[PDB]
Structure formats: structure tokens, C-alpha cells
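A structural walkthrough
Residues per chain, in single letters:
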2 protein chains.
Amino acid sequence: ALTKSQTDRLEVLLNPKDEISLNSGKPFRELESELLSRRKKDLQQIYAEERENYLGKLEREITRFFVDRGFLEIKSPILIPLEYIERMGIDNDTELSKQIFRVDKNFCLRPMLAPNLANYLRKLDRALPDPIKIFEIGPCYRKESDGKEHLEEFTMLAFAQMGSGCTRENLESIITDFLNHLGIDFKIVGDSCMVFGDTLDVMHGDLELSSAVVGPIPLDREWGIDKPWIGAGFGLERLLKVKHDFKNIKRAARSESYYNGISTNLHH
Amino acid sequence: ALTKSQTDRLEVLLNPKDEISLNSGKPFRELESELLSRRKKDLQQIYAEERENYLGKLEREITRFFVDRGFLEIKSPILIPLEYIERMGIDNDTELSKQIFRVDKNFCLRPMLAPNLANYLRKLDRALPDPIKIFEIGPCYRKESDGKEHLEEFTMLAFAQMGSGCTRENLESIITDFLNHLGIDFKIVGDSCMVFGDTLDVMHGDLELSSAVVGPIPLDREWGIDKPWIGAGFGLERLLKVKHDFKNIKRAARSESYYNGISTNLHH
Ligand SMILES: Nc1ncnc2c1ncn2[C@@H]1O[C@H](COP(=O)(O)OP(=O)(O)NP(=O)(O)O)[C@@H](O)[C@H]1O
Ligand SMILES: Nc1ncnc2c1ncn2[C@@H]1O[C@H](COP(=O)(O)OP(=O)(O)NP(=O)(O)O)[C@@H](O)[C@H]1O
Ligand SMILES: [Cl-]
Ligand SMILES: [Cl-]
Ligand SMILES: [Mg+2]
Ligand SMILES: [Mg+2]
Ligand SMILES: [Mg+2]
Ligand SMILES: [Mg+2]
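Residues numbered from 1 in each chain as written, not as in the entry; some residues may be left out. Chains lettered and ligands numbered in written order. Heavy atoms only, no water.

For this deposited structure, the header cites X-ray crystallography as the method used and 1.950 Å as the resolution.

Just so we agree on the cut-off: UniProt positions are given in the numbering used here, feature names are shortened, and annotations may be inferred rather than shown by experiment.
Identification of chain A as Pyrrolysine--tRNA ligase from Methanosarcina mazei is taken from the PDB entry. UniProt, in the comment section headed Sequence similarities, describes chain A in these words: "Belongs to the class-II aminoacyl-tRNA synthetase family."

Shown next as C-alpha cells:
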């Protein structure tokens, strides 16, 4: 019989590979010591043989994927004008506007990559040939209720193509090649969101891995875009959660409490 | 005779490779058109042959360097408790405390990597053998007066070693191998800052590339560290500025106005 505090403690030390039961007869200290030893050996092995962080490693693999397929790598500001949020159609008093991390009077931490990538599409239209293909990977921020699938600080991949080839079939083809490369099974379901209209949601079971959009849409005019486009946004921590079978997305996050899904709190 | 507005416009279109003079007899529109054509061909070439962003590429090269030399790659939160800033000795009413980007009541955008890496050193001490070596690359935030060497949103590399081998000689040796790898000449000068005490500042001419610290220092006790350590922090945008000979650090920043030092504003 373990307390909730004892059960929580063993939960954070448990890893998906473990075949260890908390409802066995073994006392708490005996269970904690064995798990502590396992998590120490896991960090030791990483320290000796790999030393790469899962979230950084995935970013590098995704970067290579899209660069090799003709997409320009973008690194745009994380801190952006609050006015970009308005021009996306996210008015005040809308439920999405209350997820915005505001900074000073006129800036915020970006909740999405779309505004910056939209400016890059319009600007790069003066220089690059058809089609224009870009992508960015970086931090995004949303105030969220507590949940095993949501983080307030997460990492988004967003890619976009503008010009020729911007069909639903091509968008699904890119998504399929991308998730085939990561080795992640998925299905596509139609849904609607209140920024882009109807989207294609990329589902792993009931977990949304991505929302993809087939342009053009009326919002394009507010950004100086008048060509067809296709795009999608993926959550890297959600990709890692599925890939490594984490029960809670905190295991995949920028964190001081977990490293590659291994608890960093290895005290007794 | 060009106006200040005309001169500013040609300045942003000029690249360090260009051998073009603004005080020649050529009219403004003729100068702008030639530079616009050059910057279009530069983006075209990147789009066709490389497609990597300088800031992301440098991050990948630095990551590989430190991983190959036994340092564990860390990805920690960018949004951190305001209380971490206090425990670094940055009290209110101190000049450094007015550079902090505050978020909500109790959080801020990290102005440095030291607090998070200090927690990782203490936690990893329970698991990893001697010496413990870690590093992180990621965004940091400081309110700054306008200047050609400062950004409000920049990218910091910080590495640390804890345990044996934590001498000034070894710290300088790592710095030398690191900047030799990037191909950057530098000198080391003694200076003092009001968080760590005396530091070793890594200078490229008059531009500070890094501040390095030989522990132990009295601040260590506030973080649960009681072993010797050595560490340094580098600005990636400053490394790129020196490497590519940018006159203004805006050329090396996360930006919607420059890509790999090339203006994205290619209108007339
Ligand atoms: N708070 C979050 N934490 C982690 N990943 C997130 C978060 N919000 C969005 N993402 C990811 O980013 C992708 C694109 O953003 P978006 O489509 O706006 O999110 P979303 O539809 O609100 N997902 P959800 O909040 O679960 O209904 C999503 O499909 C997720 O994979
Ligand atoms: N505002 C900034 N913009 C760009 N790089 C910066 C900025 N602040 C610090 N850095 C870089 O981060 C390194 C480590 O941080 P730190 O030593 O605290 O900066 P610093 O001593 O205040 N440099 P400086 O403001 O020029 O006197 C510096 O050596 C710089 O290379
Ligand atoms: Cl997005
Ligand atoms: Cl630092
Ligand atoms: Mg949501
Ligand atoms: Mg969605
Ligand atoms: Mg300073
Ligand atoms: Mg300094």
C-alpha cells in the first residue's frame, strides 16, 4: 500500500521500457532504489555513447529532411509583435487570444510560426523561383490548462510551399514522406479551426500531431500573399512522445526535471 | 548626393563582399537596382545549393564539436523563474536586473544559461562519473540600448565542466580548440563582472566573444554546487559577425529583415 506521494515518485522514475509493477509486494524504498539505479545507468550510457538530447536530435533530423527536399531553413524571431496576432484573425476576447504570453506592451512570445513564415513567403517571392518552399523549427508559447498532451513551452515545425504544386494531394504526400521518415503511423481527419478555416489534422490515434492547411484562404490578403500555398505545423514534443511512448508530454519537453525522458531528480 | 534615407537603403543592400562605392557618380536608382540584383542572385544560390540558415548551421557545428568532446547536450527552458535571477545575485535595483524580460508575475525570458546549467550540474552529480561536462545552445534575452554589437534576442552557447580538470589552463585550452575549430582569432583579457567576480573575457579585437569563469565561487552554495568547475558563455551572433565580417549584428540575428546577412526587403 503506497501513498499517492509514493506512487507519484515511482511514476516519474518509471520508464516505458521498464517491466516493473507498483502493485507488487515490494516495499517503496526497494522499488525506488531499483528504479534510481536503472535511471542512473541510462544517463551513464547516454553520457558514454551518444550525449545527444532527443529534442535537439529530432530538430536536426527534421532539418536535414526538409533541406534535402528543397525547403529553405528559416530562423525567425520568437518574440514578435502583438499586432501579428491580430492580423492572423485572433482578436481580443477570442479564446485563442487568452493563450498568448504577452511581453511588454506590444510584443508576445509567438504561439505559432505562421505569421513569420507568411512574411518570408511574401518577401522571398521577389527573389526565388517557383515553387517557394520554406520551413522553420523553433520554440512557441501558449498558455494551456494542465494536460498530458500540452506544454506551455513547446517546439513547432512548420513548412510551407507557395506557387505551383500546392494541392491537397501534394500536401498529404509531403506529410506521408515526412512521417514515414520518422517511422510514425498516422491518419488524416478533416477538422476546422478558427484561424485557417478547415484543416487536415494529422492524428496518431486520438493525439493531434499536426494541422495542415490548403490555401489560398481569405486571411492571405492581410499578409500580402496572393498565390496558392500549402503548409502544416507539427509539434516536436508530440512526435517524441509517440516515438518513445511517453505517457506524459513533460518527458519530451525542454526541462530541468527530465532528460531524454529520464528523471533528473535522482535523490532518495 | 544621396539623402540619409537613400544612404541607409543602400547600406542594408550592401554586403561585405561587395566592392561597390556609394560616393561614386552613379545615381541612387542605378545603385539600388544593381544591389537588388546581387542580393537576389545570392538568395537564389542559397536556395539552389545549400538552403541552411547561418545561425542554425553554426548551432549544428558547435553541437557536434562539444558532443564529440564528451559534453552532454542540454535543452532547458527558455522561460524560467524570476527567482533564478535573484539567486544568481542579480537583486532588484541592480543595473542587470533592468535588462530582464519579465513574463507574468514570477517568470522571465532567461538572460543567461548559467542558472539552468547549474541545476543540471547538481542533478547530474548523482549519476554521471567525473568529470561532468555539459553544454547548451539556445535563445537568451536582454533589454539593451541600440548598438551594432547587441541584440535583445540572441543565441548563447554555454559549456561547463565540474570535478577534476577544472583549471584556468584547461578552460583556455577548450576555448582555444573551440575557436580554432571555427577559425576565429582571439585574445584573452582579464576582467570582472558583478555576478561571477573576475572572468576571462575572450576578445576579437574590441568585441567580446565570451566571458569564461574559473570556479569555485561563493555563488556556488546558492545552487548546491560544492565542487570546482569551469565554464564559458559565447554569443553565436557575435561569432557569425566576426566570421562573416558583418558590420552590424542585426545581419546575424533571428530576423525577418535579413537571411544569412542578405536583406529580405528587396522592393524598390
Ligand atoms: N500546447 C502545446 N503543446 C505541445 N504541442 C502543441 C501545443 N499546441 C500545439 N502543439 C502542436 O503544434 C501543432 C500545430 O499547432 P495547432 O494546430 O494550432 O495546435 P492545436 O490545434 O491547438 N492542438 P490542440 O491544442 O491539441 O487541439 C499541433 O498539432 C500540436 O502538435
Ligand atoms: N545583447 C547581446 N547580444 C548579443 N550577444 C550577447 C548579448 N549579451 C551577451 N551576449 C553574448 O553572450 C556572451 C556571454 O554573456 P555576458 O558575458 O553576460 O555578456 P556581456 O559581458 O554583458 N557582453 P557585453 O554586453 O557586450 O559587455 C557575451 O560575451 C556575448 O558574446
Ligand atoms: Cl503555425
Ligand atoms: Cl551564461
Ligand atoms: Mg490548442
Ligand atoms: Mg491544430
Ligand atoms: Mg551586457
Ligand atoms: Mg561578459
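Regarding the pattern of salt bridges
All names here are of chain A. Counted only if it meets this: Salt bridge, as used here, is a side-chain nitrogen of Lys or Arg placed within 4 Å of a carboxyl oxygen of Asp or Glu. Strands are runs of DSSP state E lasting at least two residues, helices are runs of H or I lasting at least four, and both sets are numbered from the N terminus onward. Accessible area is worked out with a 1.4 Å probe on protein chains only. A residue is then buried under 20% of its type maximum, exposed over 50%, and partly exposed in between.
If you walk through the whole model with that rule in mind, you get 40 salt bridges over all chains. For the salt bridge of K4 with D8, the shortest nitrogen-to-oxygen distance reads 2.8 Å. Within this pair, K4 and its partner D8 are both found in helix α1 (residues 4-13), separated by four residues, close to a single helical turn. By relative accessible area, which is 35% here, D8 ends up partly exposed.

Let's talk about the packing of helix α3 (residues 54-68) of chain B against helix α6 (residues 168-182) of chain B
All names here are of chain B. Put simply, the rule reads: A fitted line through C-alpha atoms serves as each axis, taken over the contacting stretch for helices, and the angle formed by two N-to-C directions is quoted from 0 to 180°. Orientation is classified from the angle alone, with under 35 degrees giving roughly parallel, over 145 giving roughly antiparallel, 65 to 115 giving roughly perpendicular, and any other angle giving oblique. When the near helix sits turned anticlockwise from the far one by under a right angle, the crossing is termed left-handed; a clockwise turn instead gives a right-handed crossing. Only heavy atoms enter the contact rule, under which two residues are in contact if any of them lie within 4.5 Å. Classes in brief: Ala, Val, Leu, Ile, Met, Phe, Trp, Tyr, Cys and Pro nonpolar; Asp, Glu, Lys and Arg charged; the others, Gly included, polar.
Interhelical geometry of α3 versus α6 gives an angle of 140° and a closest axis separation of 11 Å. The orientation of α3 with respect to α6, classified from their angle, is oblique. You can see that α3 and α6 cross each other, and the crossing is right-handed. From α3, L58, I62, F65 and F66 reach across to α6, where they touch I174, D177, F178, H181 and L182. Grouping the constituent residues of the contact of α3 with α6 by class yields seven nonpolar, one polar and one charged.

Some words on the packing of aromatic side chains
Rule in force here: Pairing of aromatic rings covers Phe, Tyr and the six-membered ring of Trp, with a centre-to-centre limit of 6.5 Å; geometry is then stacked below 30 degrees between planes, edge-to-face above 60, and tilted otherwise.
One pass over the structure, following the stated rule, counts 22 aromatic pairs over all chains. Taking 6.1 Å as the distance between ring centres and 80° as the angle between the ring planes, the aromatic pair formed by A:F71 and A:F159 counts as edge-to-face. One end of the pair, A:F71, is in the loop between α3 (54-68) and β1 (72-74); the other, A:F159, is in strand β6 (residues 153-162), with 88 residues separating them in the sequence. On the basis of relative accessibility, which here comes to 4%, the residue A:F71 falls in the buried class. Classification of A:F159 as buried rests on a relative accessible area of 2%. Here B:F66 and B:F178 contribute two aromatic rings whose centre-to-centre distance is 5.3 Å and whose plane-to-plane angle is 50°, an arrangement assigned as tilted. With B:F66 in helix α3 and B:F178 in helix α6, this pair connects stretches of sequence that are 112 residues apart. Accessibility expressed as a relative area gives 0% for B:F66, which makes it buried. We classify B:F178 as buried; its relative accessible area is 0%.

With respect to the side chain of B:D201
Residues and elements named next belong to chain B. Here is the rule we go by: The charged-residue count follows a simple rule in which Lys and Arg add positive charge and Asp and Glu add negative charge, with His and chain termini not counted at all. For the purposes of these results, a polar contact is taken to be a pair of N or O atoms within 3.5 Å, where, inside protein, one atom must be able to donate a hydrogen and its partner to accept one; residues adjacent in sequence count only when each atom of the pair is a side-chain atom.
Structurally, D201 is set in strand β8 (residues 197-204). Buried charged residue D201 carries no salt bridge. Nearest counter-charge: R238, at 7.6 Å. In this structure the side chain of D201 is engaged in a polar contact, spanning 2.7 Å, whose partner is the side chain of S211.

As for the sheet that holds strand β9 (residues 207-214) of chain B
All names here are of chain B. Basically, it comes down to this: By the convention used here, strands pair only if DSSP detects at least 2 bridges between them.
Read from one edge of the open sheet, seven strands run β1-β5-β6-β10-β9-β8-β7, paired in mixed fashion. Only two strands of the sheet have a single neighbouring strand rather than two, namely β1 (72-74) and β7 (187-193). For this sheet, the mean inter-axis angle between neighbouring strands, taken without regard to orientation, is 25°. Here β9 pairs with strand β10 (residues 229-235) via five bridges, running antiparallel. By the bridge assignment, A212 is partnered in β10 with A232.

Quick notes on unusual backbone geometry
Following B:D130, the chain continues into B:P131 via a peptide bond in cis, with omega recorded as 0°. Note that B:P131 resides in the loop between α5 (114-124) and β5 (132-141). Of note, the bond from B:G215 into B:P216 is cis; its omega dihedral lies within 30 degrees of zero at 0°. One non-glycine residue, A:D93, adopts positive backbone phi at about 65°. Along the chain, the position of A:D93 falls in the loop between α4 (82-87) and β3 (101-103).

Describing the coordination of the magnesium ion (ligand 8)
Threshold: Note on donors: an N, O or S atom is included if it sits within 2.8 Å of the metal, or within 3.2 Å for Na, K and Ca, and water is never included, so sites can look incomplete.
The coordination sphere of the magnesium ion (ligand 8), as far as protein atoms go, consists of B:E208 (OE) and B:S211 (OG), spread over 2.1 to 2.2 Å. Note on B:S211: relative accessible area 25%, which makes it partly exposed.

Let's talk about the interface of chain B and chain A
Our working rule: We define buried area as the total accessible area lost by two parts upon association, computed with a 1.4 Å probe and summed across both.
Facing 59 residues of chain B, the contacting portion of chain A comprises 59 residues. Between chain B and chain A, a total of about 5000 Å² is buried, with carbon and sulfur atoms accounting for 56% of that surface. Considering only the side of chain B, the residues that lose the most area to chain A are B:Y47, B:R51 and B:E256, jointly responsible for 16% of the buried surface there. Across the contact surface, chain B and chain A share six salt bridges.

Brief notes about the sheet that holds strand β4 (residues 107-109) of chain B
Residue and element names in this part refer to chain B. Within the open sheet, the three strands sit side by side as β2-β4-β3. Their pairing is antiparallel. Bordering the open sheet on either side are β2 (79-81) and β3 (101-103), each of which pairs with just one other strand. Averaged over neighbouring strand pairs, the angle between their axes works out to 40° when direction is ignored. As defined by bridge partners, β2 adjoins β4 across three bridges and the pair is classed as antiparallel. The partner of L79 across the bridge, within β4, is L109.

Description of the site of ligand 1
All names here are of chain A. The test is simple: By convention in this text, a residue qualifies as near a molecule or strand provided that one of its non-hydrogen atoms is within 4 Å of it. In short, Shrake-Rupley with a 1.4 Å probe defines the accessible areas, and a residue's cover is counted only from the protein chains shown.
Within the structure, ligand 1 sits among 14 residues, and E144, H150, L151, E208 and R238 are positioned closest to it. Between ligand 1 and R142 there is a distance of 2.8 Å, counted from an oxygen atom to a side-chain nitrogen or oxygen. Contacts to ligand 1 include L209, whose backbone N or O atom sits 3.1 Å from an oxygen atom. Protein contact buries 78% of the 580 Å² of open area that ligand 1 shows by itself. Those elements that place two or more of their residues in the shell around ligand 1 are β6, β9 (207-214) and β10 (229-235). Considering every element that reaches the shell around ligand 1, the biggest residue donor is β9, with four residues. Residue composition of the shell around ligand 1, by class: five nonpolar, five polar and four charged.

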